[PDB]
Amino acid sequence: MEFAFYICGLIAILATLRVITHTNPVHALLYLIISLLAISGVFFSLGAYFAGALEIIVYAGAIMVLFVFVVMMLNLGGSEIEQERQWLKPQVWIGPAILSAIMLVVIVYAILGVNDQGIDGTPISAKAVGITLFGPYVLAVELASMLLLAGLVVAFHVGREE
Amino acid sequence: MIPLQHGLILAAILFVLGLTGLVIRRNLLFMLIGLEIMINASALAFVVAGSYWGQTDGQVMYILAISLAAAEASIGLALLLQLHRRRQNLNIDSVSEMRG
Amino acid sequence: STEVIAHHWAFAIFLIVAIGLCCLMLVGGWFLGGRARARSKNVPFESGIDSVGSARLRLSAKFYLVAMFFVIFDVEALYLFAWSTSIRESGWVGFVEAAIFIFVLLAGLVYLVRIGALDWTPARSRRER
Amino acid sequence: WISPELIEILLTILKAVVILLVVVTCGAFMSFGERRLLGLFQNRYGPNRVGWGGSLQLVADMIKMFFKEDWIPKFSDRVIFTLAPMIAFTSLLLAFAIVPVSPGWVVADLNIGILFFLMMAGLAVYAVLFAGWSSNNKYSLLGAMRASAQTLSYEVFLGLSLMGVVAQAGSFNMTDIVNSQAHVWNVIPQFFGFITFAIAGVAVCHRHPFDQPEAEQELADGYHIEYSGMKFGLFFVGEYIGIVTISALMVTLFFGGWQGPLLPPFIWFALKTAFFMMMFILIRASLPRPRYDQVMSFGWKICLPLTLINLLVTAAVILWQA
Amino acid sequence: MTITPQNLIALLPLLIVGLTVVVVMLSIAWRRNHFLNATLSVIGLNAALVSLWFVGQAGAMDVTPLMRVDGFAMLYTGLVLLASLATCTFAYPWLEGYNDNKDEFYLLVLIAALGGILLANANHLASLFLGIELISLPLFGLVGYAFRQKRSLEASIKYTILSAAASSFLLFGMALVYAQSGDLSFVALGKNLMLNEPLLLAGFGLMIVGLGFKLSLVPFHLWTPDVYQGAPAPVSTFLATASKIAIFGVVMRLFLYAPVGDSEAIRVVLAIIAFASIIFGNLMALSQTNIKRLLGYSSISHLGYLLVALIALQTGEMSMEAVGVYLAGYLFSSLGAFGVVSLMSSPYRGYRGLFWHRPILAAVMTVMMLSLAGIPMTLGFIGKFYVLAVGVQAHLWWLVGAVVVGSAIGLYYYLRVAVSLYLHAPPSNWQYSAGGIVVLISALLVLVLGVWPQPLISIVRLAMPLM
Amino acid sequence: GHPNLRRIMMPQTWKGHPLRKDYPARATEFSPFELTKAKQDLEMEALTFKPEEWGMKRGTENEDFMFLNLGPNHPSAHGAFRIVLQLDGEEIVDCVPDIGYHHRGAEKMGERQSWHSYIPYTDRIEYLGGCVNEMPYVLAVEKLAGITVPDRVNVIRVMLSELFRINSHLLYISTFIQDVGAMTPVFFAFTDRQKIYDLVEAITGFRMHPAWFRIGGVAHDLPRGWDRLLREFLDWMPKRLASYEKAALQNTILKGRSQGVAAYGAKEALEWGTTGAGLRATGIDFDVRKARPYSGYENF
Ligand SMILES: CCCCCCCCCCCCCCCCCC(=O)OC[C@H](COP(=O)(O)OCCN)OC(=O)CCCCCCCCCCCCCCCCC
Ligand SMILES: CCCCCCCCCCC1=C(C)C(=O)C(OC)=C(OC)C1=O
Ligand SMILES: CCCCCCCCCCCCCCCCCCCC
Ligand SMILES: CCCCCCCCCCCCCCCCCCCC
């Protein structure tokens, strides 16, 4: 169980790093799919089967429309990759790299300072998540439905051609 | 049996990688991709937090996190389509006429 | 127990043998059979005449509005996935919450249908008259 | 290695391997049976010369495909071009890896089940998308866009069609689902769920009338025109494995799976799966192909509210009798 | 625990706003009529405002694991409902000139009001996060409502990207806090504790980053002049009033109900953020020629003053009423100023010497400019006096010195705008008249409650939550 | 004053005008067709669509137009021709139907053959028509000669032309159903075509290009027993046609793909010279077999 979690975590880290430092949009989307598959594998190793199930179910459709928009605008041959290459320079990425590194080491210092007892890996079924979702957490569900409705209304209002 | 610290460190690494892709990348689509990476990393940290305590609260917070992720992705995708329609490029540094 | 590790091993062997079989038939297809040489072999197929431009042009999909609605409706679907597995223990009150949820869902769907969204077909292709 | 637990593990591994080889062989023989059944539907015979009854036609097809040259175009992205047939072959195989064919004969007894099938469908669309984009052809790009529009059409209600079955069974496991149909099959209470899942499952495999990405009349064979050799065969074999997977899943979800009065359970499962396979061929031979905008409008305006109302009515009926 | 009918009695504004959201949706889908949906939104908001009386007659109750309703939630719900009503009233004459559809504006305003009410009633981390996102997303829609205009699209893109980043930061800090404590309730943060542990402190710091973005706090304040200028003027009114009121109310609920507020390090970093916010927001508006960016820096400075009033909550028991009085005065002054700006920007097509053609709007604008400076005979002075008293009581001398310096700088630029209203420069419809009446009552309320502030003190002190 | 006067039957790199009297008719007059690399490249550049010549304006600020060759090698194209589509997404902005790929020089061949020996070339003008293609030529030659054919000749020619009309209509209906998407009725329609072909093989001795009409009559008399096969076909046909109707022509998916699609009125039918089923589908009752009756169609 440790092996699957650690291999999926390493794959997720590598695929995210390849995502943020790539010029090809379709290859970046493929590595993003790989990273989210690895994230769902991490979820499955921790016993949260529903979390990994929703990570593959709803993000396969999310990156699908990302592919649709990439085909819609970004694909132009080598010109788009060449234009994306000029925006990335050694100073340009070395600027915020040390900021991300110092933030990461501060958060790691924070993480290591807490007590630990180990994750037992006991599976949590979708039945318990459904009971808690429609039980103690009513208003989260209802106002999340209203939030998604609001986002849908915003998408309709902005995304019209004419 | 699996340490909580390693899962939180993994989530932190993914979060700072998403922020690196948010800052250093100039095309708006990669900023939205990096935003998706941070929201997935925060959701992942919530699932590790819920799995350490053996509660469904982390999974419910993950559900809310990805509902927000989907809604913000649709809104940002519509805004990016508007930007590409009325500018014909996805340079985010040209959005600077409002200053001072 | 023993059944669980047996099932895990069976699933892992299923994955490994499936991927290896796909790779093996790909390798066998690539290695067997002589190659062909032609002047226009490495040209995209466009019914026998050279292309105008290339196939890497940007193509305006008309269903992008439906796509960014599809993500939202997929998230509503995941909420109903979570509800539907625990209907009996949720009780009638949980049925009331899900009824309100689904009523908001159809209200948004009727709103999308009526305002002209989910309708991207051209005027010449609307089958009028 | 002399222990009951290790030989039980070996027996389970052997059963999973047997299931995998049988379903792959059944996909290839299902291609041959599609040719024969289209002949039967259209007042003809089909291949009945290669061996007795044409039984060696599939072997000659395999030999030709293996010795047809496999090429990668210079204008294509090679990695994605090779990757797409692998996904098309393997995604619905992994979807089939949860189908219980008999009591004691299942590869994975997952607690997610139909969730895993939804994951594999959402991963299977990317094979057609990658094949359409990577080949760098105009017909392929049009086919990939049509496939994306088709996924927009079907994936909204693909899971909500089966949420009635999940609600009736009270669990996500296929074993619990086929055990919940001990008294009556699920086609009778979940009939709107049945027809909506039939529409969505035919749309999953891109089978007729939902063959928008590869419509020969429209896009001149569509997205996989640059594919040839064993990659083209991988696409077709993965499509046929998808047909078998969707048929078996529909049998387990709406027709009890292996439950039957007199015959052995595998005999009933195979009979119902072959019935739905010949129904796939009957649907392909019978009705024409609609326009994909009409398909999207039908999947959004009709099928999705139907699944929502079906889930609401199913919940009301379940809580009324509880 | 289940839901009792008394819980839905206490849930009246949330249910009313959701019901009128659905009703406005169905009326828009039936027929695109601007006046009908506008009247429906105003009717629903007024229905919630008068259902606040029945909520008060019900009592204070912990309605959910998520929500808690008391006088605190009642007061902030009333403030955000008044802000939403004024936003609709200012938006209708602006929307009369919109060539595109004018019906989604009120739907987004109603959904954002629902998010503000849920933020006011929040007693859970999940409720806090959902309320923040439910404030932000309709603001993404409303800021980029006139996307044909370049600046509105600029502000929409900037606000969306920055607020998604801040939501990710806040959610990661939330996850770290939940990993530390194990309960997401507002009363169980650190109950197992030795109150200083690095994981809980880092989680609260990341939530501080997110909320300080949402409260225009330094150094997460750079979006405020840009988003305020780019957005439409009723959207600027709503973002200045309702979002700030709701987010600061839930911030005070979190920092009062949790035992983590007793920690010295969070108080020290909040004092640093408050000092930097006051000085930076006042100094940045010195040479501002545009009224929207000037009001954005004004919002930064006033949220810094609110931060000073919030820091001393653990020591003195009069900090909460100080924040309530300051937020009421700030709401009225911002409503008046942004309403004058909106009425000058209406109808939508696409302030020097304003007294010589529009004298009443100039009077309202100079009254609100006097009020925002903390000058007596106005409500902003009463709020500044409360903030200074709270800072003096808990001995925060750097903060009150910063308040005095920032008040002097604000005096300079506010009074510059006030005299520029009266220098020499080189409608006809009852909705515009209604907006003029709204800003006139705002100015009159500011003047009357500056002269006689005691009834507002009584109403604010009667809005007393569970100590 | 013509907008775009360019070659429509010959390629753009063609010298001379072929229907002039001094132009050689036969391929043996010119050098035999030598396909070299340079000639292949030159003719491929000639066949490449140039949108600037047609004023197609190959771009928009938002997105780029898609130029697609529908044909010559397309299942939807009914021959060797190509429609060049300017597209945005899936929508057609403009079309350039490029023809001339199926040019056999049949008029120049008419100047090259005798009156009797041109009849097989008339048969291949519309290869699903056969005797329907034969009739106008032999009738015009009989007008030239001054020949009035008797009643039996007229009835036999009406028989063969109506048989081939049923054949062509069966192929057209099956082809339409196939392009809508249903691939089954084409097999049965071609079985009915084989029944008609059995009768036509019995009478004329050939399947699809009979070349059986002559100047002043037909090649042979009717063989003994043709009425048996005609009765067999007349018994076999209507049940099959009703089956085709109730199976595919009453299909709501087929109706959705068909009704309202590519619709025009009588004005568009008249200004573009549209004849046949389209002109009558616009409501204009103009059929040659009734308006200007030929070959004794008045007796039917
Ligand atoms: C194991 C899995 C496999 C199981 C095999 C057996 C089941 C297979 C199911 C196949 C389903 C195919 C569904 C095809 C739907 C096509 C809908 C469509 O696009 O119709 C368009 C057409 C015209 O569009 P319209 O909206 O009228 O025009 C608007 C333009 N202004 O509008 C119309 O034509 C209107 C009528 C639409 C009818 C939709 C289909 C009805 C249900 C499917 C057919 C019956 C399947 C079997 C059911 C059980 C039978 C015992
Ligand atoms: C293989 C299953 C039976 C196919 C039967 C096809 C019958 C003819 C189809 C129409 C058609 C004709 C006449 C035709 O001439 C043609 O051009 C060469 C086509 O494109 C390939 C056609 O599709
Ligand atoms: C054309 C405009 C481009 C703007 C690019 C902005 C890049 C910012 C990079 C910041 C890197 C900071 C590294 C750490 C500095 C020291 C710590 C913070 C300040 C005390
Ligand atoms: C057309 C039928 C397709 C079936 C696909 C799935 C078959 C999987 C292989 C099953 C092999 C084992 C069968 C059951 C064995 C135990 C019972 C024996 C007596 C029936």
# chains A, B, ... in the order shown; residues from 1 in each chain; ligands from 1
>>> select_by_dssp(residues="stretch 55-295 of chain F", states="strand (DSSP E or B)", output="PyMOL selection string")
chain F and resi 66-70+82-88+91-98+213-214+217-218
>>> residues_around(residues="residue F:187", least_positions_apart="5", cutoff="12 Å", atoms="only C-alpha atoms", output="PyMOL selection string")
(chain D and resi 38-44+285) or (chain F and resi 170-171+173-175+177-178+182+192-194+240+244)
>>> closest_atom_pairs(of="chain B", to="chain C", cutoff="7 Å", atoms="only C-alpha atoms", output="tab-separated table")
residue	atom	partner	partner_atom	distance
B:67	CA	C:75	CA	6.1
B:70	CA	C:71	CA	6.1
B:71	CA	C:72	CA	6.4
B:74	CA	C:68	CA	5.0
>>> residues_near_ligand(ligand="ligand 1", cutoff="6 Å", atoms="only C-alpha atoms and all ligand atoms", output="list in words")
residues 126 and 127 of chain C; 195, 198, 199, 201, 202, 246, 247, 250, 276, 279, 280, 290, 294, 295 and 298 of chain D; 252, 253 and 256 of chain F
>>> residues_near_ligand(ligand="ligand 3", cutoff="10 Å", atoms="only C-alpha atoms and all ligand atoms", output="ChimeraX atom specification")
/A:91-102 /B:23-24,26,92-94,96
>>> residues_near_ligand(ligand="ligand 4", cutoff="10 Å", atoms="only C-alpha atoms and all ligand atoms", output="compact mmCIF listing (two decimals) with C-alpha atoms, in the first residue's frame")
# COMPACT_ATOMS: atom_id res chain seq x y z
CA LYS D 15 -9.48 -17.23 -13.72
CA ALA D 16 -8.75 -13.56 -14.45
CA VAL D 17 -6.36 -14.53 -17.27
CA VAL D 18 -8.97 -16.93 -18.69
CA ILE D 19 -11.60 -14.15 -18.60
CA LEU D 20 -9.22 -11.74 -20.36
CA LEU D 21 -8.26 -14.18 -23.14
CA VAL D 22 -11.89 -15.23 -23.61
CA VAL D 23 -13.12 -11.64 -23.92
CA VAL D 24 -10.33 -10.72 -26.39
CA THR D 25 -11.03 -13.84 -28.49
CA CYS D 26 -14.74 -13.02 -28.23
CA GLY D 27 -14.06 -9.51 -29.53
CA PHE D 29 -14.86 -13.54 -33.17
CA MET D 30 -17.44 -10.79 -32.60
CA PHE D 96 -14.97 -5.25 -18.43
CA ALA D 97 -12.60 -6.23 -15.58
CA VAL D 99 -18.24 -7.58 -14.75
CA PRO D 100 -19.31 -10.68 -12.76
CA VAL D 101 -19.81 -13.48 -15.28
CA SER D 102 -20.60 -16.17 -12.67
CA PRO D 103 -20.72 -16.60 -8.87
CA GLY D 104 -17.05 -16.92 -7.98
CA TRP D 105 -15.83 -15.76 -11.42
CA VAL D 106 -14.92 -12.06 -11.30
CA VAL D 107 -11.61 -10.26 -11.81
CA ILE D 241 -14.30 -5.38 -26.75
CA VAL D 244 -18.87 -6.98 -25.39
CA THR D 245 -18.24 -4.89 -22.25
CA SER D 247 -23.49 -5.80 -23.46
CA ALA D 248 -22.22 -7.66 -20.38
CA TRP D 258 -26.10 -14.72 -14.31
CA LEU D 263 -29.67 -23.27 -17.02
CA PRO D 264 -26.22 -22.85 -15.45
CA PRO D 265 -25.50 -19.20 -14.60
CA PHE D 266 -22.74 -18.76 -17.18
CA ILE D 267 -25.06 -20.15 -19.88
CA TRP D 268 -27.69 -17.51 -19.04
CA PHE D 269 -25.06 -14.76 -18.91
CA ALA D 270 -23.58 -15.78 -22.28
CA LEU D 271 -27.04 -16.08 -23.85
CA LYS D 272 -28.09 -12.60 -22.73
CA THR D 273 -24.72 -11.07 -23.69
CA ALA D 274 -24.90 -12.63 -27.17
CA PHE D 275 -28.51 -11.42 -27.40
CA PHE D 276 -27.39 -7.85 -26.78
CA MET D 277 -24.43 -8.27 -29.14
CA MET D 278 -26.77 -9.31 -31.94
>>> interface_residues(of="chain E", to="chain B", cutoff="8 Å", atoms="only C-alpha atoms", output="ChimeraX atom specification")
/E:126,130,133,137,140,147,151,153-154,156-157,160-161,164-165,168-169,171-172,174-176,178-179,182,226,230,288
>>> write_last_selection(atoms="C-alpha atoms", output="PDB file, in the first residue's frame")
ATOM      1  CA  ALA E 126     -17.067  24.565   5.031  1.00  0.00           C
ATOM      2  CA  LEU E 130     -18.628  28.117   0.364  1.00  0.00           C
ATOM      3  CA  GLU E 133     -16.789  31.324  -3.267  1.00  0.00           C
ATOM      4  CA  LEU E 137     -18.289  33.831  -8.536  1.00  0.00           C
ATOM      5  CA  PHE E 140     -16.757  37.364 -11.564  1.00  0.00           C
ATOM      6  CA  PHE E 147     -17.187  42.504 -21.597  1.00  0.00           C
ATOM      7  CA  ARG E 151     -11.495  47.618 -18.817  1.00  0.00           C
ATOM      8  CA  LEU E 153     -12.785  42.406 -19.289  1.00  0.00           C
ATOM      9  CA  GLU E 154      -9.413  43.348 -17.763  1.00  0.00           C
ATOM     10  CA  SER E 156     -12.850  40.326 -14.785  1.00  0.00           C
ATOM     11  CA  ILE E 157      -9.749  38.369 -15.835  1.00  0.00           C
ATOM     12  CA  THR E 160     -11.029  35.702 -11.544  1.00  0.00           C
ATOM     13  CA  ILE E 161      -7.388  34.561 -11.669  1.00  0.00           C
ATOM     14  CA  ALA E 164      -9.054  31.514  -7.741  1.00  0.00           C
ATOM     15  CA  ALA E 165      -5.458  31.683  -6.484  1.00  0.00           C
ATOM     16  CA  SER E 168      -6.636  27.763  -3.478  1.00  0.00           C
ATOM     17  CA  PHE E 169      -4.460  29.357  -0.772  1.00  0.00           C
ATOM     18  CA  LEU E 171      -8.381  25.895   0.932  1.00  0.00           C
ATOM     19  CA  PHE E 172      -4.828  24.635   1.458  1.00  0.00           C
ATOM     20  CA  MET E 174      -8.044  24.991   5.656  1.00  0.00           C
ATOM     21  CA  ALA E 175      -6.753  21.500   4.870  1.00  0.00           C
ATOM     22  CA  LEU E 176      -3.658  22.034   7.028  1.00  0.00           C
ATOM     23  CA  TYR E 178      -8.160  20.262   9.531  1.00  0.00           C
ATOM     24  CA  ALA E 179      -5.120  17.964   9.540  1.00  0.00           C
ATOM     25  CA  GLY E 182      -9.581  17.169  13.182  1.00  0.00           C
ATOM     26  CA  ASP E 226      -7.929  47.900 -11.010  1.00  0.00           C
ATOM     27  CA  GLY E 230     -12.812  48.200 -14.531  1.00  0.00           C
ATOM     28  CA  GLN E 288      -5.264  59.642  -7.732  1.00  0.00           C
TER      29      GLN E 288
END
>>> residues_around(residues="residue C:30", least_positions_apart="6", cutoff="10 Å", atoms="only C-alpha atoms", output="list in words")
residues 24 of chain C; 66, 67, 68, 69, 70, 71, 72, 229, 230 and 231 of chain D
>>> interface_residues(of="chain A", to="chain D", cutoff="6 Å", atoms="only C-alpha atoms", output="ChimeraX atom specification")
/A:56-57,60
>>> write_last_selection(atoms="N, CA and C atoms", output="PDB file, in the first residue's frame")
ATOM      1  N   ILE A  56     -11.264  10.752 -11.342  1.00  0.00           N
ATOM      2  CA  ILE A  56     -11.185  10.327 -12.737  1.00  0.00           C
ATOM      3  C   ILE A  56     -12.494  10.603 -13.481  1.00  0.00           C
ATOM      4  N   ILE A  57     -13.643  10.535 -12.804  1.00  0.00           N
ATOM      5  CA  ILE A  57     -14.925  10.692 -13.492  1.00  0.00           C
ATOM      6  C   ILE A  57     -15.115  12.126 -13.981  1.00  0.00           C
ATOM      7  N   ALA A  60     -11.800  13.848 -16.210  1.00  0.00           N
ATOM      8  CA  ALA A  60     -11.683  13.400 -17.592  1.00  0.00           C
ATOM      9  C   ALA A  60     -12.572  14.232 -18.503  1.00  0.00           C
TER      10      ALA A  60
END
>>> residues_near_ligand(ligand="ligand 2", cutoff="10 Å", atoms="only C-alpha atoms and all ligand atoms", output="PyMOL selection string")
(chain D and resi 216-217+220) or (chain F and resi 71-81+127-128+168+171-179+183-187+189-190)
>>> atom_distance(atom1="atom CA of residue E:458", atom2="atom CA of residue E:256")
21.3 Å
>>> closest_atom_pairs(of="chain F", to="chain B", cutoff="9 Å", atoms="only C-alpha atoms", output="JSON lines")
{"residue": "F:61", "atom": "CA", "partner": "B:88", "partner_atom": "CA", "distance": 6.7}
{"residue": "F:62", "atom": "CA", "partner": "B:85", "partner_atom": "CA", "distance": 5.3}
{"residue": "F:63", "atom": "CA", "partner": "B:88", "partner_atom": "CA", "distance": 8.4}
>>> write_last_selection(atoms="N, CA, C and O atoms", output="short mmCIF file (atom, residue, chain, number, x, y, z; two decimals), in the first residue's frame")
data_model
loop_
_atom_site.label_atom_id
_atom_site.label_comp_id
_atom_site.auth_asym_id
_atom_site.auth_seq_id
_atom_site.Cartn_x
_atom_site.Cartn_y
_atom_site.Cartn_z
N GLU F 61 -10.63 37.28 -38.15
CA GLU F 61 -9.86 37.72 -36.98
C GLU F 61 -9.97 36.72 -35.84
O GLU F 61 -8.99 36.45 -35.14
N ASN F 62 -11.17 36.16 -35.62
CA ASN F 62 -11.36 35.22 -34.53
C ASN F 62 -10.69 33.88 -34.81
O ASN F 62 -10.00 33.33 -33.95
N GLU F 63 -10.88 33.34 -36.01
CA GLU F 63 -10.39 32.00 -36.32
C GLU F 63 -10.13 31.88 -37.81
O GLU F 63 -10.44 32.77 -38.59
#
>>> decode(residues="stretch 212-263 of chain F", atoms="C-alpha atoms", output="short mmCIF file (atom, residue, chain, number, x, y, z; two decimals), in the first residue's frame")
data_model
loop_
_atom_site.label_atom_id
_atom_site.label_comp_id
_atom_site.auth_asym_id
_atom_site.auth_seq_id
_atom_site.Cartn_x
_atom_site.Cartn_y
_atom_site.Cartn_z
CA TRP F 212 -30.45 -1.86 -78.06
CA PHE F 213 -32.33 1.03 -79.67
CA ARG F 214 -31.76 1.55 -83.38
CA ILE F 215 -32.60 4.15 -86.00
CA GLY F 216 -36.17 3.28 -86.94
CA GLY F 217 -36.66 0.64 -84.25
CA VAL F 218 -34.83 -1.77 -81.95
CA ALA F 219 -32.09 -4.32 -82.51
CA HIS F 220 -34.20 -7.48 -82.16
CA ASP F 221 -37.76 -8.55 -81.55
CA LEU F 222 -38.89 -9.51 -78.07
CA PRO F 223 -37.76 -13.06 -77.20
CA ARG F 224 -40.30 -15.76 -76.45
CA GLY F 225 -41.12 -15.57 -72.74
CA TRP F 226 -40.36 -11.95 -71.78
CA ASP F 227 -43.84 -11.53 -70.30
CA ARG F 228 -43.10 -14.26 -67.75
CA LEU F 229 -40.16 -12.29 -66.35
CA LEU F 230 -42.11 -9.02 -66.52
CA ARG F 231 -44.93 -10.64 -64.52
CA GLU F 232 -42.37 -11.99 -62.04
CA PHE F 233 -40.91 -8.52 -61.52
CA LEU F 234 -44.33 -6.87 -61.27
CA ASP F 235 -45.33 -9.39 -58.59
CA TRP F 236 -42.00 -9.05 -56.75
CA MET F 237 -41.77 -5.24 -56.72
CA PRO F 238 -44.57 -3.54 -54.69
CA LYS F 239 -44.14 -5.54 -51.47
CA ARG F 240 -40.40 -4.78 -51.52
CA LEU F 241 -41.09 -1.09 -52.18
CA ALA F 242 -43.62 -0.90 -49.33
CA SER F 243 -41.07 -2.62 -47.08
CA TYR F 244 -38.46 0.01 -48.03
CA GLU F 245 -40.96 2.78 -47.28
CA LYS F 246 -42.12 1.46 -43.90
CA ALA F 247 -38.57 0.51 -42.85
CA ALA F 248 -36.52 3.55 -43.83
CA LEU F 249 -38.54 6.25 -45.60
CA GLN F 250 -40.92 6.59 -42.64
CA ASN F 251 -38.03 6.73 -40.17
CA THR F 252 -38.09 9.81 -37.95
CA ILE F 253 -34.28 9.89 -37.88
CA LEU F 254 -34.29 9.79 -41.69
CA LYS F 255 -36.99 12.47 -41.70
CA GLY F 256 -34.87 14.58 -39.36
CA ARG F 257 -31.88 14.17 -41.65
CA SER F 258 -34.04 14.88 -44.73
CA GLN F 259 -37.01 17.21 -44.11
CA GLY F 260 -36.15 20.90 -44.33
CA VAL F 261 -32.62 20.14 -45.54
CA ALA F 262 -31.41 22.05 -48.64
CA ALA F 263 -34.82 23.49 -49.46
#
